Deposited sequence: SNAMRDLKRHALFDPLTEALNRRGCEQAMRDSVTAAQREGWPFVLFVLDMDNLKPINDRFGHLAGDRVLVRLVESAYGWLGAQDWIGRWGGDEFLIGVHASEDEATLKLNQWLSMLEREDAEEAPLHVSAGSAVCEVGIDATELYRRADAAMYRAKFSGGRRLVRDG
């Protein structure tokens, strides 16, 4: 399906781009809060080497399925590509971040998944590209400081 990743059923790259545009438009038109997360796996390659790529595929599927487990009606999760994902949550930073962190903590428990993540909060007067740039930059700070963490913009 267009806009959807065949393996995980999360949105695909073009799905992510459209979702970001629609979520930012919604925040600015409906007044809804919006937090964008950029996630990059830290240990999928070693999981693939140790248990095989099918095990790795399962890990990605689990990641997305479990996310759909707490994401709301207007929320979303998309696969940017490879082992990199984006998550859009229409809630306060407090709520969004607490749920995301608890979710990531749960995933560190069958092959444990380690994730580097960054977040950015939608604000009036910002466009989707700039929001993405902020969340993306935060993710790299998380990544290079060791991973297995969420750094806020």
Note down, first to last, the deposited-sequence stretches for which the model contains no C-alpha atom. 1 to 9, 119 to 122, 167
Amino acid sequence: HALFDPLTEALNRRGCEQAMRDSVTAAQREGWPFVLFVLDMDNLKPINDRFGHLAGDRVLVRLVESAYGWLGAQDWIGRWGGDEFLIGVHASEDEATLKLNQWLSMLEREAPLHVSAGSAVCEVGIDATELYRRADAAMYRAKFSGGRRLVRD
From here on, numbers count along this sequence of modelled residues.
Between 56 to 64 and 83 to 91, the record assigns the higher mean Cα B factor to 56 to 64
Taking the mean of the C-alpha B-factors per stretch from the entry, tell me the winner out of 92 to 100 and 37 to 45. 92 to 100
Within this chain's modelled residues, let me know which third the CA B factor of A27 belongs to: lowest, middle or highest. highest
The third of the chain into which the C-alpha temperature factor of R14 falls is the middle
Relative to the other modelled residues of the same chain, rank the CA B-factor of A117 and answer lowest, middle or highest third. lowest
